[PDB]
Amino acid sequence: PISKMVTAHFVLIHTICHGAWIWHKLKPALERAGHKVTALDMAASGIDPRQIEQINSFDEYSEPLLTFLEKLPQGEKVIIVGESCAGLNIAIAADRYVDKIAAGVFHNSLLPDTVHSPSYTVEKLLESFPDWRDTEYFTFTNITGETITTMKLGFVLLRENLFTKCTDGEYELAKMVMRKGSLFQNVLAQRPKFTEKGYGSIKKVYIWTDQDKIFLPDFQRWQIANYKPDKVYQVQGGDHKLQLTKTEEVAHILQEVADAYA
């Protein structure tokens, strides 16, 4: 009747242990469409020089996102795309920069709410997938005495549960650049709940596949029921790393989100 097509600025946010590198296929695909794309390493992730033992909360871990959003020009707005654990990075950012966020896109991601503790969807994830196979765990004591659990993701878990259907080159890449990570779950438990005015007001799009072998269909569906997304897009096939196994589909879905939220 009147049709609309929009170009947007997407800020792509990796999950813990990973870095900006997992977006290396989706970032050129989005740029083919003319969108602007920023892919950031969070503290102690990718090639960020900080070590995880110097980081004391998931909020401190999120510093690169918040700094980048503090830096945005007046009137610029971004669509934050976060995979796996990064729905927590979107919730943290949205409670500081709601103004700057056109929409949050959850990509096989944790979907925080405002009603329960920030750690709530993490506890639910762990009830759903409690065995992290060959993952190793470590701890350190943070700046106020909390003991923080970190992990080095196991290679079998990487091969079968996160990168199930990815290329051998993509799986070898992962092994070559994967870092330690932490959920800081116990400090999240002590955290103020996400606000309604910030995070609670953001548009929220949930992309997911039922073939995800680590954020399982029962968990994903529980999250959607628990906090209704403004839109849900289920991708057929692929695996947890849909930005690698369904790069073009994900880019076409993200075009639709730009058209709807700019």
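Each residue number is its position in the shown sequence, starting from 1.
Asker: When the C-alpha temperature factors are averaged for each of 12 to 20 and 241 to 249, which stretch ends up with the higher value in the entry?
Answerer: Per the deposited B-factors, the answer is 241 to 249.
Asker: Look up the CA B-factors in the entry and say which stretch, 52 to 60 or 191 to 199, has the higher mean.
Answerer: The entry gives the higher C-alpha B-factor average to 191 to 199.
Asker: Among 86, 153, 72, 80, which carries the highest Cα B-factor?
Answerer: Each of 86, 153, 72, 80 was compared by C-alpha B-factor; the highest is 72.
Asker: From 139, 121, 164, 108, which pick has the Cα B-factor that tops the rest in the entry?
Answerer: That would be 121, according to the entry.
Asker: Going by what the PDB entry lists, where does residue 116 fall on CA B-factor within its chain: lowest, middle or highest third?
Answerer: According to the entry, residue 116 has a C-alpha B-factor in the chain's highest third.
Asker: Split the chain's modelled residues into thirds by Cα B-factor; is residue 38 in the lowest, middle or highest one?
Answerer: Bottom third by C-alpha B-factor.
Asker: Within this chain's modelled residues, let me know which third the CA B factor of residue 28 belongs to: lowest, middle or highest.
Answerer: Middle third, going by the recorded CA B-factors of the chain.
Asker: By the recorded C-alpha temperature factor, relative to the other modelled residues in its chain, which third is residue 95 in?
Answerer: It falls in the top third of the chain.
Asker: Ranking every modelled residue in this chain by its Cα temperature factor as given in the entry, which third contains residue 103?
Answerer: According to the entry, residue 103 has a C-alpha B-factor in the chain's middle third.
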